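Coordinates in review
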Amino acid sequence: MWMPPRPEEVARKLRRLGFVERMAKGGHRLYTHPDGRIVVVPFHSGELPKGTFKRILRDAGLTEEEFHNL
Ligand SMILES: [Cl-]
């Protein structure tokens, strides 16, 4: 089963990989990693739509596995 992740849990996992928050405005935050990945995450809702979660994984350069273990 598809379990919609919470945006703040996604942000904690990104931060554990070395992404750092560079903008916070309008209920969104933009995170960059030293290797140049750039990821925007919406926080206005408590859970992310599937497509937004899959956009975040794409832009973060992650698989589901790596994601869940952080
Ligand atoms: Cl980990």
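The record names X-ray crystallography as the way this model was obtained, at a resolution of 1.52 Å.

Digging into the nonpolar core
Core analysis: the largest hydrophobic core is formed by 15 residues, its most contacted members being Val10, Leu14, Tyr31, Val39 and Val41. For this core, the secondary structure elements donating two or more residues are α1 (7-17), β3 (38-42) and α2 (50-60). For this core, the element with the most residues is α2, which contributes four residues.

Some details on the sheet that holds strand β2 (residues 28-32)
The three strands lie next to each other as β1-β2-β3, forming an open sheet whose pairing is antiparallel. The open sheet has two edge strands, β1 (20-25) and β3, and neither has a second partner. Put simply, the sheet's adjacent strands are angled 20° from each other on average, direction ignored. Along the sheet face, α1 touches β2 and β3 and points at about 15° away from the line of β2.

Quick notes on the pairing of β1
Taken together, the five bridges between β1 and β2 define a ladder with antiparallel strand orientation. Bridge pairing links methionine 23 to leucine 30 in β2. Where β1 folds back on β2, the antiparallel hairpin that results is connected by two residues, among which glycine 26 adopts a positive phi of roughly 65°.

Here is what the cut-offs are and how they apply
- Residues numbered from 1 in each chain as written, not as in the entry; some residues may be left out.
- Heavy atoms only, no water.
- Core = buried A, V, L, I, M, F, W, Y, C linked by side-chain atoms within 4.5 Å.
- Buried < 20%, exposed > 50% of the residue type's maximum accessible area, 1.4 Å probe, protein only.
- Helix = DSSP H or I, 4+ residues; strand = E, 2+ residues; numbered from the N terminus.
- Pairing = 2+ DSSP bridges.
- Axes fitted to C-alpha atoms, helices over the stretch in contact; angles between N-to-C directions.
- Contact = heavy atoms within 4.5 Å.

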